[PDB]
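In structure tokens, one chain follows: the form deposited in one PDB entry.
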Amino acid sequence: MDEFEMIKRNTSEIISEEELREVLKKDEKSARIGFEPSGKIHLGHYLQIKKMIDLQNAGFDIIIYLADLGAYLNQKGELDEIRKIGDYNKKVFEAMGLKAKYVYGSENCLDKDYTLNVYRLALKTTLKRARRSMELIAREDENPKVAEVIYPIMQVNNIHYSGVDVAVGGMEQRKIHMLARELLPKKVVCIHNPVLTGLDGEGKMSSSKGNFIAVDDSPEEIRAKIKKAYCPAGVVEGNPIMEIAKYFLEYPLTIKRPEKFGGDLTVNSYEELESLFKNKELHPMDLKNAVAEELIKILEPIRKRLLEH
């Protein structure tokens, strides 16, 4: 259990590793992550929250950013509507066992030199690089708006203003984070978590399409969604059920099966679970049952906390 590996565990990339090792040496360190306010907090958000918890236990002061302004620029709706959702998400995050500080994007507005820094950054940033950093973040519009290229420099400005040593986000945030390391006097260490495949087994676990498992979902909904979910026998890559079993489940894990399908089998890890699923020894249905029933137990402390305080 090394703090470097405890942090690196279940991440896609760290830019860089040496710089992160340097940060760990400081007895005063902080990390930041930003979520656009979402009507449902699914396992996608929870995955990154878990990583923030790891950073916290590593001694990092955690700052959680509710990107209401960013969401507004990304056409998520009206500002105060997004703020209200941001409030709800704040409650949810405060119910996940995380000791963190919370900041709304519309709170930094206004610090005079902050909004001035937006124009400073806009002077260094090319339109092509801004658009390039927005491909995996913005659902496309016919004739893209100016607000699109304002989006990344606002996140870069938030990273700078937060004063964190580490910027955390999904793998779709790397181009924005690559901008931050190029536009800011201090180069932040970038920790990128993988992107969860949705239940429908195509895009990412996204904006409330029934492609998600919300952390406040009832056991009925969880069971029904996992059962319906995309899970081909022998397929691991892009398999959302296998991903959930990798990034959320606790091993060694006991899987329940009727004796006619072979008795109960208890895997000692995910890799063993992976080998058994590849070799068609473990069928999708049994995998779904175990995953669903475990998900209920994992999400129950969060579900009860929200219903209601």
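Here the rigid core means the biggest group of C-alpha atoms that line up within 1.5 Å when the two forms are laid on top of each other. The first residue of the shown sequence is 1; numbering continues from there.
What follows is about the form solved in complex with a small molecule, which we do not show.
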(message) Please tell me whether any heavy atom belonging to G34 falls inside 4.5 Å of a heavy atom of the small molecule, as the geometry stands in the deposited bound form.
(response) yes
(message) So in the deposited bound form, is the small molecule close enough to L55 to count as touching (4.5 Å, heavy atoms)?
(response) no
(request) Determine whether any heavy atom of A245 comes within 4.5 Å of a heavy atom of the small molecule in the deposited bound form, and answer yes or no. (result) no
(message) Can you tell me if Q173 lies within 4.5 angstroms of the small molecule in the deposited bound form, counting non-hydrogen atoms only?
(response) yes
(message) Within 4.5 angstroms, counting heavy atoms, which one of the listed stretches 147-155, 119-127, 219-227, 233-241 is next to the small molecule in the deposited bound form?
(response) 147-155
(request) Identify which of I137, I85, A95, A214 has a heavy atom within 4.5 Å of the small molecule in the deposited bound form; exactly one of them does. (result) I137
(request) Tell me, with the core superposed, which single residue in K227, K187, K145, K209 has its C-alpha moved by at least 2 Å between the shown form and the other one. (result) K209
(message) For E81, does the CA position differ by 2 Å or more between the shown form and the other one when the superposition is done on the rigid core?
(response) no
(request) Once the core is aligned, please say if the CA of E172 is shifted by at least 2 angstroms between the shown form and the other one. (result) no
(request) Answer yes if the Cα of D111 shifts by 2 angstroms or more between the shown form and the other one on a rigid-core superposition, and no otherwise. (result) yes
(request) Since the Cα separation of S133 and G210 moves by 3 Å or more in the deposited bound form, tell me which way: closer or farther than here. (result) closer
